[PDB]
Amino acid sequence: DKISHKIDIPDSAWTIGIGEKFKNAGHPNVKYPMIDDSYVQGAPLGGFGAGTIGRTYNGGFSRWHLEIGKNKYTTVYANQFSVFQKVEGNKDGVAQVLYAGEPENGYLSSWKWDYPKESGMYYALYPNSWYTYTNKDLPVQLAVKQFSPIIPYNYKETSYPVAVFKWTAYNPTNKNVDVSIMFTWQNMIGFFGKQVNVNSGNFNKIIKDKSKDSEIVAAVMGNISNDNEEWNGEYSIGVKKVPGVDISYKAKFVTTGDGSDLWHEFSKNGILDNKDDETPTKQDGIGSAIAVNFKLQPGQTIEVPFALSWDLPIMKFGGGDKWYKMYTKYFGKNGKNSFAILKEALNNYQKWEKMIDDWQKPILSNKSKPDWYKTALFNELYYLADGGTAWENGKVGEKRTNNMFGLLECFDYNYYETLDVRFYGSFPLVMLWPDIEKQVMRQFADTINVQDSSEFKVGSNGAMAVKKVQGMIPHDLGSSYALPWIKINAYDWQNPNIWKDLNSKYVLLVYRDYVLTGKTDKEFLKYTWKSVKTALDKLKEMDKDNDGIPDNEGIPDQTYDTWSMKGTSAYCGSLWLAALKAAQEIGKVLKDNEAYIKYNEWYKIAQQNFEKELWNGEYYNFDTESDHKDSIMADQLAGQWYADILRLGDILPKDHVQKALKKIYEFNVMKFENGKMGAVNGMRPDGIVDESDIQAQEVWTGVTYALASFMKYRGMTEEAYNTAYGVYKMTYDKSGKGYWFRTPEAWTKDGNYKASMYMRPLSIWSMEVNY
Ligand SMILES: OC[C@H]1O[C@H](O)[C@H](O)[C@@H](O)[C@@H]1O
Ligand SMILES: [Ca+2]
């Protein structure tokens, strides 16, 4: 490996061999189907709300999130980079697709598949990833750096449906070598959203944009229709000329054939025919190819940038609504702008690289933090783009001030912005994209007094319940299968209108968002204040025994939605205390004296009673009335965690919090698989895992990272990182279960998972305490 020195891959990048098999992979062990797309994954490409494309460590473009809210895992075999190399004065060269695999059927059988093992590496540090190619039959070594411009405090480039592939080629031998790199792409118009004749009308064109000291050559893959529909738009691939390289192309090859129309050209001398052909297809799949060819002398290096863009302006949800995607603000709405996007990328990618470096540097340059922690911190951010992210720039055929936003909780449970989950999962948004975070919370504010008296069947017990109750915060802002932002509470396993955490978590989120953006956004507090008061006031009415605390009802009436709580619970009770303290503080900021006084009185009564009811000398009991009420819950003091973040001080005595955290570390972590897998949710005082519900026996990745944050705030540094380490290990390490770029909600002690691609573990950003 002589190429790694010519490029700048951080030591904290996650790494795996190209073509590596992983032996220990976890699966769901479940009655009903659950997504399991395998361990062959990678860092995604594409901006927020743009639709994303998962290119795997084996090189395939395989995890398609282009249809907003859907996860479709299938390798589009025509989409590849390929290489040709010929040592000068040899009869023949060699051509190889850079993909560690082959097609299942006979399409593209002429191409050279099965990039060999032990011949290159994949590296990831989101939003960047890299491949190196160090192959005994390829004298010139190659690497590519690929990324999209995901940039904190930037709401423009961060939205773009674009990727850059910056190639480096180095000749370590003592012979001249002729080299070509070729990007192939299928015209994917009709891949989704088209009900009949999926390729019909697709056509490809070539754009050559020449100007002083500049040339871009691109293929634009579109359709002859000017229909404004979800399925229609354009893909583009292209390259920018650099000194010493020539460009060749082929406008049209048939993807539903053997591929030799393209491959006989590339494999001969790495130079394509430069044949333009705009003839539209009918049934056959078609694709385009862009290539560069160059001669490398001994010791010579060259760099050449390619790019990919996709202008699919309209997202459609299953309930029928059609919306424009955010990037359309910058490029237009007509779906004929893929070349403009691609050109912006090829003319600005060096600046984008620097902007990414600028935001990663503070963490990377902190040598007190272990590299493993940095691996998880950056790579967990994949989900912000990959989580079905919807970011609208108008309803099709209709203009407001704001752009509504939603991130899915996951794909198995297809709900936008699940509030009980975003309490944990929204840290990257508040810390890095706060204008989005505030928009999401105003969306929740707007829902507080919505009433929907229509009834739905509750999944857990089969009873009927009212959809949305006035004054209760919704569980979620709808589903991609229905009407995001319009029809809320898509979730139906339990009735969220009687949840005891959502209203308090909402208040805590509001105050968090004020505190973590500088304590200056009075307008945001003013916008949300009425909803904050309503939320706490409604929750107060759920106090059935007048101890000043809402009562859990002997059912799963909170985020642990199969784990029953009864009476006063540590979890909902601490959250309530913290939420009252936040509301007092907002009252003071807004000069609402009556509110300050009311919530101060409620707080003092509830705090006193919480302590008496639950403090047992070592930790806080799970609750007052359940069968295993003395279980040690990992999340028992979630309220005090948020209070630390919000700078609200002690809601419980310092000494008692410290003892509780130490007990959680000693038991839920260190007595669960030797502390190598995170914090199990429920442990019995005898040191045996609580078996009363599956959730008690699960580690929740996002709960565990949040707990690590709490420990870190409380000066338990070693316990904090050891607790987080088991999550990193399980996700990323060779000894783990192969969950990279699909971090799940949960695993059990055998390592098998629930709900891959989950929002909650974004909570790792709560560990950026100093920030
Ligand atoms: O795994 C538990 C979780 O399952 C689903 O994501 C529910 O929508 C969520 O509310 C709950 O916390
Ligand atoms: Ca009560």
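Computed from heavy atoms alone, side chains included, the values below leave out hydrogens, waters and symmetry copies. For the single chain, residues carry numbers from 1 onward in sequence order.
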Donor-acceptor contact present, side-chain [X] to main-chain [Y], <3.5 Å:
{"X": "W765", "Y": "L377", "value": "yes"}
{"X": "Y383", "Y": "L408", "value": "yes"}
{"X": "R55", "Y": "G59", "value": "yes"}
{"X": "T624", "Y": "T568", "value": "yes"}
{"X": "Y739", "Y": "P744", "value": "no"}
{"X": "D690", "Y": "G682", "value": "no"}
{"X": "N681", "Y": "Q695", "value": "yes"}
{"X": "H65", "Y": "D386", "value": "yes"}
{"X": "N668", "Y": "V680", "value": "yes"}
{"X": "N674", "Y": "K676", "value": "no"}

I need the minimum non-hydrogen distance between [X] and [Y], along with the two atoms involved.
{"X": "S148", "Y": "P127", "answer": "O-CB, 3.7 Å"}
{"X": "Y619", "Y": "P685", "answer": "OH-CG, 3.5 Å"}
{"X": "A143", "Y": "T132", "answer": "CB-CG2, 4.0 Å"}
{"X": "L652", "Y": "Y620", "answer": "CB-OH, 3.6 Å"}
{"X": "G736", "Y": "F22", "answer": "O-CZ, 3.4 Å"}
{"X": "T517", "Y": "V430", "answer": "CG2-O, 4.3 Å"}

Can we say [X] and [Y] salt-bridge, meaning some charged N sits less than 4.0 Å from an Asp/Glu carboxylate O?
{"X": "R742", "Y": "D36", "value": "yes"}
{"X": "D650", "Y": "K654", "value": "yes"}
{"X": "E20", "Y": "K734", "value": "no"}
{"X": "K671", "Y": "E666", "value": "no"}

Measure centre to centre between the rings of [X] and [Y], then say whether the value is under 6.0 Å.
{"X": "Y725", "Y": "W372", "value": "yes"}
{"X": "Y491", "Y": "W499", "value": "yes"}
{"X": "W740", "Y": "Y732", "value": "no"}
{"X": "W433", "Y": "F48", "value": "yes"}
{"X": "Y373", "Y": "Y728", "value": "no"}
{"X": "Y571", "Y": "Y560", "value": "yes"}
{"X": "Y382", "Y": "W14", "value": "no"}

Under the side chain to side chain donor-acceptor pair (under 3.5 Å) test, residues paired with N621 that sit two or more places apart: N616
Which residues share a side chain to side chain donor-acceptor pair (under 3.5 Å) with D750, sequence neighbours left out: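 Here the qualifying residues are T748, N752.
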Quick one: pull up [atom1] in [X] and [atom2] in [Y] and give me the separation to the nearest 0.5 Å.
{"X": "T723", "Y": "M670", "atom1": "OG1", "atom2": "CE", "value": "9.0 Å"}
{"X": "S504", "Y": "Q558", "atom1": "OG", "atom2": "CD", "value": "10.5 Å"}
{"X": "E409", "Y": "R422", "atom1": "CD", "atom2": "CZ", "value": "12.5 Å"}
{"X": "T559", "Y": "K500", "atom1": "OG1", "atom2": "NZ", "value": "14.0 Å"}
{"X": "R714", "Y": "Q640", "atom1": "CZ", "atom2": "CD", "value": "4.5 Å"}
{"X": "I16", "Y": "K21", "atom1": "CD1", "atom2": "NZ", "value": "11.0 Å"}

Do other residues, nucleotides or ligands put more than 12 heavy atoms under 6.0 Å from [X] [atom1]?
{"X": "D11", "atom1": "CG", "answer": "no"}
{"X": "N29", "atom1": "CG", "answer": "no"}
{"X": "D686", "atom1": "CG", "answer": "yes"}
{"X": "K519", "atom1": "NZ", "answer": "yes"}

Step-by-step salt bridge (charged side-chain N to carboxylate O under 4.0 Å, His left out) determination, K712 to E719: CA-CA 8 Å; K712 187 171 166 171; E719 292 93 329; over 6 Å; no
Counterpart residues, salt bridge (charged side-chain N to carboxylate O under 4.0 Å, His left out), relative to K505 (two or more places apart): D501
Partner set under salt bridge (charged side-chain N to carboxylate O under 4.0 Å, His left out) for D358, not counting sequence neighbours: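 Here the qualifying residues are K354.
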[X] and [Y]: side chain donor to acceptor below 3.5 Å:
{"X": "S709", "Y": "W641", "result": "yes"}
{"X": "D37", "Y": "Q41", "result": "no"}
{"X": "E380", "Y": "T743", "result": "yes"}
{"X": "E157", "Y": "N154", "result": "yes"}

Where at least one partner belongs to residues 642-682, residue pairs that pass ring pair (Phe, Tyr, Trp, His ring centres under 6.0 Å), sequence neighbours excluded: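 Matches after skipping sequence neighbours: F423-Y642, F427-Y642, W615-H656.
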Residue pair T56, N58: steps toward the side-chain hydrogen bond (donor to acceptor under 3.5 Å, both in side chains) verdict: CA-CA 5 Å; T56 79; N58 282 336; 5.0 Å; no
Trace of the salt bridge (charged side-chain N to carboxylate O under 4.0 Å, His left out) decision for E618 with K663: CA-CA 7 Å; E618 292 177 5; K663 189 81 172 178; 2.8 Å; yes
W576 vs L580, side-chain contact (heavy atoms from CB on, under 4.5 Å): CA-CA, chis, key distance, verdict: CA-CA 6 Å; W576 169 245; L580 292 168; 3.5 Å; yes
Listed partners of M34 passing side chain to side chain contact (heavy atoms under 4.5 Å, CB included), at least two apart: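 So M34 forms a side chain to side chain contact (heavy atoms under 4.5 Å, CB included) with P28, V30, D412, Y413.
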CA sep, side-chain torsions, deciding dist, call: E745, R760, salt bridge (charged side-chain N to carboxylate O under 4.0 Å, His left out): CA-CA 7 Å; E745 163 89 293; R760 216 190 297 266; 2.7 Å; yes
Pi-cation contact, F741 with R63 (under 6.0 Å, within 45°):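 No cation-pi geometry.
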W352, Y771, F378 screened by ring-ring contact (aromatic ring centres under 6.0 Å, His included) with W359, the one that passes: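 The ring-ring contact (aromatic ring centres under 6.0 Å, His included) with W359 is passed solely by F378 among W352, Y771, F378.
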Steps toward salt bridge (charged side-chain N to carboxylate O under 4.0 Å, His left out) verdict (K729, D733): CA-CA 5 Å; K729 186 178 181 286; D733 192 66; 5.0 Å; no
